[PDB]
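Enquirer: For reference, the structure I am asking about is given below.
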Amino acid sequence: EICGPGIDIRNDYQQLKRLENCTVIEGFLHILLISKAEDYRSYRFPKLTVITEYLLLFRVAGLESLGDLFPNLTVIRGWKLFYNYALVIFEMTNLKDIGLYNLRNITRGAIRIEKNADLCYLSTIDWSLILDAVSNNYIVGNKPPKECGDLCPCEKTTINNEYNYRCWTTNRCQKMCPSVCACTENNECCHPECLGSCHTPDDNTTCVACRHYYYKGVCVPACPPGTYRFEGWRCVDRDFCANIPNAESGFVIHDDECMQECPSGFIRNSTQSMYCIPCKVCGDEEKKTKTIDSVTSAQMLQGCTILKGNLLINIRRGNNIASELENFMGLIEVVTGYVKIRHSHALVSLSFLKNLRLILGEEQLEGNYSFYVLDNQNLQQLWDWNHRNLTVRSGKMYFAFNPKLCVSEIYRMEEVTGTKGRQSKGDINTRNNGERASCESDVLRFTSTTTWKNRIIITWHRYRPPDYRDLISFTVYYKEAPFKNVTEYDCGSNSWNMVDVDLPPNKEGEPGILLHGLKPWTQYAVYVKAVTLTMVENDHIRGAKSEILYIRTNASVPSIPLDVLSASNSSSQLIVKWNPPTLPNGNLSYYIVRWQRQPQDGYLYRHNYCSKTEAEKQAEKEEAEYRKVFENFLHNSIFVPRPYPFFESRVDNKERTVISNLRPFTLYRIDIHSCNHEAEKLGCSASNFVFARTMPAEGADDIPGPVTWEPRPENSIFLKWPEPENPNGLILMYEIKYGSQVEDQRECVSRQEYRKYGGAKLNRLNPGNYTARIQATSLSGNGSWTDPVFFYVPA
Amino acid sequence: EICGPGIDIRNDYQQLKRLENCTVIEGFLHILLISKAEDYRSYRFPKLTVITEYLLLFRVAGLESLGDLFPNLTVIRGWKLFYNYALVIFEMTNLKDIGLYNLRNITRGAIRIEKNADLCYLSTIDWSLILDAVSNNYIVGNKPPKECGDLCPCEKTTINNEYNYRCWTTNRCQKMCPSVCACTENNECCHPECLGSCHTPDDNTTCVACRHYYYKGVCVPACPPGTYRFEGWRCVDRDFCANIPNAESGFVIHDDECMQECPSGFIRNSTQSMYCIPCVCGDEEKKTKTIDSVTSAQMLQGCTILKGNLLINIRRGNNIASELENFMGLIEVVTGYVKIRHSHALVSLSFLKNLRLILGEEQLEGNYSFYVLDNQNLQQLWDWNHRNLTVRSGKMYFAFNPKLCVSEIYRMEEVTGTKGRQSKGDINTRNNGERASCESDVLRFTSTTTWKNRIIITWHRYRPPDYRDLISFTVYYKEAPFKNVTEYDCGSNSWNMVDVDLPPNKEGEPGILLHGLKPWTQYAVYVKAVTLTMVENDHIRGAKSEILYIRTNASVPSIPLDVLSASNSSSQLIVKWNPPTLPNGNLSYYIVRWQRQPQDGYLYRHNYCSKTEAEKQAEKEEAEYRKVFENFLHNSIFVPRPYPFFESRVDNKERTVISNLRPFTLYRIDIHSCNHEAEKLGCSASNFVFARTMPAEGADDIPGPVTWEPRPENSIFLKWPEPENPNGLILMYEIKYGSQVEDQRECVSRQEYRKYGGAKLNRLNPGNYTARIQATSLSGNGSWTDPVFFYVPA
Amino acid sequence: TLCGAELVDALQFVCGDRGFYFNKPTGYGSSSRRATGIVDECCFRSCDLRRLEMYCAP
Amino acid sequence: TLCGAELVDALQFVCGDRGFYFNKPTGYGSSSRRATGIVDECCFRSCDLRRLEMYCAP
């Protein structure tokens, strides 16, 4: 059953009984100001599932949530909005959470929940899945999220910052559909004509409430000719919307749809008043003014041709609602009164009033004003183009505070509409009308430019206004923009970089500019603005701007590489890695990585150890004006009418490279150098030498020959042997022994006495047999214990 | 000789001959546009010495200086100014230097030289002594001082930044007078009635050109009744300014002074037209008299009723409102509008104290009989209770005046009787006085509490007529150690915006917390209540709080700097400190403590003797949107019915004495800096420093006989006591030993002393031992004692 | 003067159990009246009890 | 249009040795005329040589 034309609940919870016996409420549904004295009885209303127009909740006392009373509400059509809002919940008390789990879609409006100190479970639930224009939402003044700390027992999707569970309440998450494709109860897509939930898929008569139309329990994108549209939701027969208790204070059919009225020129047919014949004009004669704030106040004006009143537009916020606006107001052609526009920050351009052609202005504002704007923070472009005509019969015209509307635009519109003699600088100024944005200005051509690694010189053609005496001061702005999307409005937070350059003195060439301390090899965006004064207002004077110029500075030497590490993997295989420098200073081309074998330590060799702020800008402008006026007075007054070598390599592809000649324990000089593409002229980077000592190695670290001995006068042990050429760096303490029958007491045969003679000497030693336990030790410590060597003094 | 009535030189150098035969000239002196082709003959004019009004130099070609033509010019009176300027030098070429050395004093005007690429010698010469109002000068666009680099062959005095010489040119410096007191040629005073230079001092008839008047070669502050003033400089009889070739296109005597014309009511007497009898200006053609400077203001002097328009553009100047009220505060009614544009030199329009009625017979566009614009300093109109003013007809406008408070314009609007003729389109409030607010709603501070670094401030709940107007509170705080504070917005020690939220639905007292605050400081803090004005609906003056000076609680000071130690004498260790960097409270006293420290364990146990605008506007729009939505909601819903530690207390001076000084001792000293709130806070932190005293042992010898003991086959044993006060500690006791004289060094260690007394060297060569003993400590070799006769038997 | 939260808080304080009157017509479409009425009557001029309580259901 | 220094320069270029005319009256006081005259005639509208050379002494 369908309830119409709209239900209001006020001051009685028991009045909910009026919603017992209907499943659809065509119209608006108010529940406002219900006393909490009546007990909450879990008034389940599963019959209600869809409502054509908005749903308003206002200070329901004692209500805990919404699932208890509205379990099956699945889509709100929002045909007739409520101040840009299709479902509004205001000043909630006792309402901890919202239980509208069955809700799936809302066509027109945007949500608005505000000033509810007990309610939460909002940041959990994502709205883009239900409503189509998220940016028009308004959720402020509820329980702060920190003080709420919600939890949920239903996926996790990044809502513009990060993913999280989407949970209606503590009991149940919201429901989505699989990405394969309407949606049934269990993860399956239904008939296309369905909307929200369905009983069985691919059916035209089992939809709970189907989109784009409804009729006789079935659904169709365009209902049959025997039926006519009803609030964009139903199709009814001839009889329904003919004998309907209209009480306009019946319906007429245009284009096989029946609505309340007919457009101008179309009138109820004679003897066929439910039909139309060719042959609006709305506007109340009493109020004479129709404040416009949102589509609720604009839709009432739809289907109007002539407005006998005052248009006063102020739509303070919204998404691209101009699309909606042109549908309800793109049909008026003449307004008898004025057209004021205040605070309408949501109008980037007023083109939606295309069909407006004449403003009668029969009765004006104060001071005979038939047009008026104010504080419109974004009216960036009026609609007065060559494609459209517009006439003001009488009255002045005003402009103020529009920070984007350019002065050229308003001058064009004033000359098109025919009010040139009726204006003044007092009305339509230029100090605050679009000072934040301008479109057209005088062209400044860059005469020439030269560049350096950190220096730039720019010259532009001399700009002479009609009065060259004007302060033609030049302000150059430069930004490090590695892209092309650059905004040309004022510095500070990396937006731009103001620099002022003096006027061209009486040396009348090209006024140049120098920039220094610049980062090499960067796409600077540089452009100059010609700030000038105007003396008397006299309007116009569009300044002079230059094309935003991209300049790539000359490059310099790159810095040192990063991750400078060297490691050993094999003999003649040393791995060394690097990294592109922090400031490459130009496109890299290749690397010149060179290593030098280094001589060993000298002390081990010589000593072998084997044993403008606004105020001053205004002051400058005033000073320039003073100079100009003084010398103008002077000219006026005086005259009077008559009656170990180094090895290079070129490797740049990868970071780590292999070096050969890895002599054990040898420090090297692997110098990395990142050459840019201009290496032939620029060169490589800074030095990146690394001293890389290679792996240990002993091999045949023992004596490269027989360990021979030599007797002497009263027993002394002399030795003779060669010296190994590849020790573990260098021999340190050669571990041999000596003893009576077995070599037990250590005999430190140093390489010093070996180099001098060949071995040691211990005169008058006890004779006996010797079994040599020899260890080839190097500076790394004790080396390899060789097998018992049988060189011996005679026993 | 006096030349009249004013001399102009143009296009002919020979025209200078017109200045040959008069010592003074009354009238303007123009020298403009002289071609250099004429042979510059150095036309000296010592006769001309004073000019009654301005001197104008404009584009003289081939002129090198000013001494060559005006050597004796001493004072310019500037009775009839030239656009705020009494001597103007414009577009000079070939004029490298100015040679007006004789010039001494300019009465009225201010100097102006500019746009001269070849002229210099300006920053050298100071004007304040010569010109009575230096602040109105204008000298720019000339040779830059760096590119000039002048020099002088005149003492050094400070021109607002530093002492320097004053030098007219490379040849001559200026002349001044000693601090004794006019001035003669040689550093001596003159007659009081004299001006500038003198022939002989203290005479009335020898002044070169005397101040305050002149007559028949003599001077007097008030010339006799038989004489009358002339351009404020001369006095003449009736026979002079009666037959004078006036050609006003004669003169009349009012108040024993003869001028051109009489005020309204006074007319030339019948048959006595040179006299006035009791019984008005304004051009009827131009009908508008732009007022740029005191020239255009002076031409209106003595005007009663103005039949035209007033257009005041006073771009700059010093306190010239005095002159403006002198020669313009006599008009009573203007037939037309009174526009005021760019007049930045009018801190108040009060100089028109005699204006009462503005007829406004013909108005501006749209019937405007009053108009202001861009006046950067019109801080206060003159519409006070003492003044009455009436506008017969026409609207009234205001715009861009950043100091003119809105209350002032509303008061003037209601006083003048144009209340029904105004609209918010004309007299706005977004720019009018946006930089200066006179009064507002009183914001009373309910309570305040303070910490060392924390402050909490509570104020009474402000409530505008519509409570939903966001009463957004912005607190500003400045580290102001004084009382002179300017209450305009920040950053560098001006103020600091901190926004505090509206009082939530917990309607008590809104409060604000400040933290990270430097202790013991006089913060100047106050809160402004920013609120949206909704639709224009005029008024709404906001809410301002009294600027509150609050001193934060004290805290511990930092450790003292300049903390050092030194020694001068025994029982006297000096230690010095300095006031801390961050006292956090007035210092009261210092507790300074020193500790005698124990010796080294290793050196003793081991013996060794051997709101950006965009978001603010967004917030305002948000607050307006909330209100509009709620109002729509209420309208739509409801419907009508049908080794101890020693302390001391010294604070007077930094260097403090410390007792118990033994030479070469290591002491640690701790310093605390207690503020004048030490009763509860306590004191500062601990500033500790270690220091070693002076080395001194003197004769730290053995306190007794150095006895020698024998043994089995000869050995040298010793016994002795130990010196109690060495230079720190005994290190290497330089005893000796030898066959006949003790010559080979011996270290009879204190190890064996503490063990037995002395060393032992068994089987030593016998002989006599004359002991060379040196008392040594850890500092090294000490006192070489005399040969000690403790000998082994020979 | 009072606007907004006070209004309802005043309005409730005036009616309580009486309830707020509504001219509930059936009608159809936007022709039935329209969407100043209160804030003009209360927010821009002080409204006394005699002028305000009239919004109460009998 | 021409304004400022150009003026006198252009003026010089049109006069040279001819010189600049001045209506030198003797008179006395400020009654004789006053201190638009040129910048109206040249700065706010382009002045031709016919309109400009007239300022030259014969």
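Numbering starts fresh at 1 for the residues of each chain in the structure tokens, the chains themselves are lettered A, B, ... in the order given, and ligands are numbered from 1 as they appear.
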Could you list, as a short mmCIF file (atom, residue, chain, number, x, y, z; two decimals) with C-alpha atoms, in the first residue's frame, every residue within 7 Å of residue C:21, counting only C-alpha atoms and ignoring same-chain residues fewer than 4 positions away?
Expert:
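Below is the file that was written, around.cif:
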```cif
data_model
loop_
_atom_site.label_atom_id
_atom_site.label_comp_id
_atom_site.auth_asym_id
_atom_site.auth_seq_id
_atom_site.Cartn_x
_atom_site.Cartn_y
_atom_site.Cartn_z
CA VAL B 639 3.08 27.02 11.78
CA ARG B 641 -2.80 28.91 14.33
CA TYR C 55 1.92 28.25 17.92
CA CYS C 56 0.54 25.71 20.43
CA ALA C 57 -2.05 23.08 19.65
#
```
Enquirer: Go through chain C residue by residue and, counting only C-alpha atoms, keep those with an atom at most 7 Å from chain A; for each kept residue give the shortest atom pair and its distance in Å to one decimal, ordered by chain and increasing number, as CSV.
Expert:
```
residue,atom,partner,partner_atom,distance
C:19,CA,A:11,CA,5.2
C:20,CA,A:11,CA,6.8
C:26,CA,A:5,CA,6.6
C:27,CA,A:247,CA,4.6
C:28,CA,A:246,CA,5.1
C:29,CA,A:260,CA,6.7
C:30,CA,A:300,CA,6.6
C:31,CA,A:248,CA,4.9
C:32,CA,A:248,CA,5.4
```
Enquirer: Please produce, as a tab-separated table, a per-residue contact table for chain B versus chain A (criterion: any atom at most 8 Å away, only C-alpha atoms considered), showing the nearest atom pair and its distance in Å to one decimal, sorted by chain then residue number.
Expert:
```
residue	atom	partner	partner_atom	distance
B:83	CA	A:630	CA	7.9
B:315	CA	A:626	CA	6.5
B:316	CA	A:626	CA	7.9
B:365	CA	A:424	CA	7.9
B:423	CA	A:366	CA	7.2
B:621	CA	A:316	CA	7.5
B:625	CA	A:316	CA	6.6
B:629	CA	A:83	CA	7.7
```
Enquirer: Would you superpose chain D on chain C, least squares on all C-alpha atoms in order, and hand back the fitted chain as a PDB file with C-alpha atoms, in the first residue's frame?
Expert:
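In the end it all went to part39.pdb:
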```pdb
ATOM      1  CA  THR D   1      15.898  38.524  21.716  1.00  0.00           C
ATOM      2  CA  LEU D   2      15.949  34.750  21.328  1.00  0.00           C
ATOM      3  CA  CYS D   3      17.157  32.827  18.300  1.00  0.00           C
ATOM      4  CA  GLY D   4      18.046  29.250  17.423  1.00  0.00           C
ATOM      5  CA  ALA D   5      17.945  26.396  19.926  1.00  0.00           C
ATOM      6  CA  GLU D   6      16.418  28.634  22.605  1.00  0.00           C
ATOM      7  CA  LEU D   7      13.370  28.932  20.345  1.00  0.00           C
ATOM      8  CA  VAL D   8      12.370  25.289  20.459  1.00  0.00           C
ATOM      9  CA  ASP D   9      13.406  25.060  24.097  1.00  0.00           C
ATOM     10  CA  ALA D  10      11.287  28.094  24.897  1.00  0.00           C
ATOM     11  CA  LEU D  11       8.606  26.634  22.648  1.00  0.00           C
ATOM     12  CA  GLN D  12       8.706  23.391  24.605  1.00  0.00           C
ATOM     13  CA  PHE D  13       8.581  25.353  27.851  1.00  0.00           C
ATOM     14  CA  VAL D  14       5.348  26.965  26.701  1.00  0.00           C
ATOM     15  CA  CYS D  15       3.642  23.824  25.368  1.00  0.00           C
ATOM     16  CA  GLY D  16       4.746  20.654  27.141  1.00  0.00           C
ATOM     17  CA  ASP D  17       1.889  18.188  26.825  1.00  0.00           C
ATOM     18  CA  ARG D  18      -0.264  20.699  24.922  1.00  0.00           C
ATOM     19  CA  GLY D  19       1.501  19.890  21.651  1.00  0.00           C
ATOM     20  CA  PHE D  20       2.301  21.948  18.576  1.00  0.00           C
ATOM     21  CA  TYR D  21      -0.464  22.966  16.200  1.00  0.00           C
ATOM     22  CA  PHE D  22      -0.272  21.997  12.546  1.00  0.00           C
ATOM     23  CA  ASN D  23      -2.707  23.022   9.812  1.00  0.00           C
ATOM     24  CA  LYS D  24      -2.616  19.587   8.259  1.00  0.00           C
ATOM     25  CA  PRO D  25      -4.218  19.828   4.817  1.00  0.00           C
ATOM     26  CA  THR D  26      -4.094  16.920   2.396  1.00  0.00           C
ATOM     27  CA  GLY D  27      -3.602  18.754  -0.898  1.00  0.00           C
ATOM     28  CA  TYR D  28      -1.225  17.647  -3.655  1.00  0.00           C
ATOM     29  CA  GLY D  29       1.888  19.132  -5.209  1.00  0.00           C
ATOM     30  CA  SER D  30       3.820  22.283  -4.430  1.00  0.00           C
ATOM     31  CA  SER D  31       0.820  24.555  -5.075  1.00  0.00           C
ATOM     32  CA  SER D  32      -0.126  24.247  -1.410  1.00  0.00           C
ATOM     33  CA  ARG D  33       1.727  27.203   0.160  1.00  0.00           C
ATOM     34  CA  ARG D  34       5.522  26.926   0.245  1.00  0.00           C
ATOM     35  CA  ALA D  35       8.509  26.556   2.553  1.00  0.00           C
ATOM     36  CA  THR D  36       9.209  34.442   6.689  1.00  0.00           C
ATOM     37  CA  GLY D  37       7.082  33.094   9.526  1.00  0.00           C
ATOM     38  CA  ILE D  38       9.038  32.648  12.766  1.00  0.00           C
ATOM     39  CA  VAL D  39      12.545  34.068  12.654  1.00  0.00           C
ATOM     40  CA  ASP D  40      11.065  37.301  11.349  1.00  0.00           C
ATOM     41  CA  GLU D  41       8.646  37.189  14.286  1.00  0.00           C
ATOM     42  CA  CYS D  42      11.183  36.073  16.890  1.00  0.00           C
ATOM     43  CA  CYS D  43      14.777  36.288  15.685  1.00  0.00           C
ATOM     44  CA  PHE D  44      14.688  39.886  14.400  1.00  0.00           C
ATOM     45  CA  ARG D  45      12.381  41.250  17.118  1.00  0.00           C
ATOM     46  CA  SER D  46      11.856  40.054  20.674  1.00  0.00           C
ATOM     47  CA  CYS D  47       8.684  37.966  20.781  1.00  0.00           C
ATOM     48  CA  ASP D  48       6.596  38.076  23.938  1.00  0.00           C
ATOM     49  CA  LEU D  49       4.814  35.044  25.352  1.00  0.00           C
ATOM     50  CA  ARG D  50       1.541  36.464  24.032  1.00  0.00           C
ATOM     51  CA  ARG D  51       3.004  36.514  20.526  1.00  0.00           C
ATOM     52  CA  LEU D  52       4.728  33.139  20.902  1.00  0.00           C
ATOM     53  CA  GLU D  53       2.392  30.695  22.668  1.00  0.00           C
ATOM     54  CA  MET D  54      -0.089  30.943  19.784  1.00  0.00           C
ATOM     55  CA  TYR D  55       1.930  28.241  17.980  1.00  0.00           C
ATOM     56  CA  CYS D  56       0.608  25.683  20.493  1.00  0.00           C
ATOM     57  CA  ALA D  57      -2.030  23.078  19.725  1.00  0.00           C
ATOM     58  CA  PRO D  58      -5.255  23.627  21.758  1.00  0.00           C
TER      59      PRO D  58
END
```
Enquirer: With only C-alpha atoms as the counted atoms, please give the residues lying no more than 9 Å from residue B:705, apart from itself and same-chain residues fewer than 4 positions off, as a list in words.
Expert: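 Neighbouring residues, sequence-local ones excluded: residues 719, 720, 721 and 790 of chain B.
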Enquirer: Between atom CA of residue A:518 and atom CA of residue A:476, what is the distance, to one decimal in Å?
Expert: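 Straight-line distance from atom CA of residue A:518 to atom CA of residue A:476 works out to 14.3 Å.
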Enquirer: For chain C, which of B:732, B:464, B:609, B:745 is the closest residue, counting only C-alpha atoms?
Expert: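 Selected residue with least distance to chain C: B:464.
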Enquirer: Please provide the set of residues having any atom within 8 Å of stretch 766-770 of chain B, restricted to only C-alpha atoms, with same-chain residues fewer than 6 positions apart removed, written as a PDB file with N, CA, C and O atoms, in the first residue's frame.
Expert:
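As written to disk, selection_23.pdb reads:
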```pdb
ATOM      1  N   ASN B 714     128.727  -4.386  52.878  1.00  0.00           N
ATOM      2  CA  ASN B 714     128.188  -3.029  52.936  1.00  0.00           C
ATOM      3  C   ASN B 714     126.939  -2.787  52.097  1.00  0.00           C
ATOM      4  O   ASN B 714     126.918  -3.050  50.891  1.00  0.00           O
ATOM      5  N   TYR B 737     124.416   8.976  46.383  1.00  0.00           N
ATOM      6  CA  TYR B 737     125.410   8.125  47.029  1.00  0.00           C
ATOM      7  C   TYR B 737     126.627   7.971  46.125  1.00  0.00           C
ATOM      8  O   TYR B 737     126.498   7.928  44.897  1.00  0.00           O
ATOM      9  N   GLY B 738     127.817   7.910  46.728  1.00  0.00           N
ATOM     10  CA  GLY B 738     129.049   7.794  45.975  1.00  0.00           C
ATOM     11  C   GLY B 738     130.189   7.360  46.871  1.00  0.00           C
ATOM     12  O   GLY B 738     130.052   7.278  48.094  1.00  0.00           O
ATOM     13  N   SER B 739     131.331   7.081  46.237  1.00  0.00           N
ATOM     14  CA  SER B 739     132.484   6.568  46.971  1.00  0.00           C
ATOM     15  C   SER B 739     133.010   7.592  47.972  1.00  0.00           C
ATOM     16  O   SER B 739     133.164   7.292  49.160  1.00  0.00           O
ATOM     17  N   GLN B 740     133.282   8.811  47.510  1.00  0.00           N
ATOM     18  CA  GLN B 740     133.754   9.879  48.382  1.00  0.00           C
ATOM     19  C   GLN B 740     132.776  11.034  48.499  1.00  0.00           C
ATOM     20  O   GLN B 740     132.754  11.709  49.530  1.00  0.00           O
ATOM     21  N   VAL B 741     131.971  11.270  47.469  1.00  0.00           N
ATOM     22  CA  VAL B 741     130.916  12.274  47.490  1.00  0.00           C
ATOM     23  C   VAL B 741     129.676  11.643  46.875  1.00  0.00           C
ATOM     24  O   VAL B 741     129.767  10.919  45.878  1.00  0.00           O
ATOM     25  N   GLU B 742     128.517  11.905  47.475  1.00  0.00           N
ATOM     26  CA  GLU B 742     127.289  11.303  46.978  1.00  0.00           C
ATOM     27  C   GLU B 742     126.928  11.919  45.634  1.00  0.00           C
ATOM     28  O   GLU B 742     126.301  12.982  45.575  1.00  0.00           O
ATOM     29  N   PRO B 787     124.557  19.998  51.320  1.00  0.00           N
ATOM     30  CA  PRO B 787     125.253  18.759  51.574  1.00  0.00           C
ATOM     31  C   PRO B 787     125.008  18.223  52.973  1.00  0.00           C
ATOM     32  O   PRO B 787     125.420  18.841  53.959  1.00  0.00           O
ATOM     33  N   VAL B 788     124.324  17.090  53.080  1.00  0.00           N
ATOM     34  CA  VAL B 788     124.043  16.476  54.374  1.00  0.00           C
ATOM     35  C   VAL B 788     125.183  15.526  54.709  1.00  0.00           C
ATOM     36  O   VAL B 788     125.560  14.684  53.886  1.00  0.00           O
ATOM     37  N   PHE B 789     125.749  15.672  55.904  1.00  0.00           N
ATOM     38  CA  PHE B 789     126.898  14.858  56.301  1.00  0.00           C
ATOM     39  C   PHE B 789     126.451  13.613  57.067  1.00  0.00           C
ATOM     40  O   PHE B 789     126.820  13.378  58.216  1.00  0.00           O
ATOM     41  N   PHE B 790     125.640  12.803  56.392  1.00  0.00           N
ATOM     42  CA  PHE B 790     125.272  11.469  56.857  1.00  0.00           C
ATOM     43  C   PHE B 790     126.038  10.490  55.976  1.00  0.00           C
ATOM     44  O   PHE B 790     125.607  10.171  54.865  1.00  0.00           O
ATOM     45  N   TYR B 791     127.175  10.013  56.475  1.00  0.00           N
ATOM     46  CA  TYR B 791     128.163   9.336  55.650  1.00  0.00           C
ATOM     47  C   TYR B 791     128.437   7.928  56.156  1.00  0.00           C
ATOM     48  O   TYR B 791     128.467   7.681  57.366  1.00  0.00           O
ATOM     49  N   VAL B 792     128.628   7.012  55.217  1.00  0.00           N
ATOM     50  CA  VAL B 792     129.204   5.702  55.536  1.00  0.00           C
ATOM     51  C   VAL B 792     130.650   5.899  55.971  1.00  0.00           C
ATOM     52  O   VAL B 792     131.329   6.796  55.439  1.00  0.00           O
ATOM     53  N   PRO B 793     131.158   5.143  56.942  1.00  0.00           N
ATOM     54  CA  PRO B 793     132.578   5.257  57.283  1.00  0.00           C
ATOM     55  C   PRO B 793     133.464   4.916  56.096  1.00  0.00           C
ATOM     56  O   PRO B 793     133.175   4.011  55.309  1.00  0.00           O
ATOM     57  N   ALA B 794     134.554   5.666  55.972  1.00  0.00           N
ATOM     58  CA  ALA B 794     135.478   5.498  54.858  1.00  0.00           C
ATOM     59  C   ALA B 794     136.292   4.220  55.008  1.00  0.00           C
ATOM     60  O   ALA B 794     135.871   3.150  54.570  1.00  0.00           O
TER      61      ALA B 794
END
```
Enquirer: Calculate how many Å separate atom CA of residue B:91 from atom CA of residue B:58, rounding to one decimal.
Expert: 6.2 Å
Enquirer: So what do you get for atom CA of residue B:771 versus atom CA of residue B:736, distance-wise?
Expert: 6.0 Å
Enquirer: For the structure I just gave you, how does DSSP split stretch 4-35 of chain C - specifically, which residues are alpha helix (DSSP H)? Reply as a VMD selection string.
Expert: chain C and resid 5 to 15
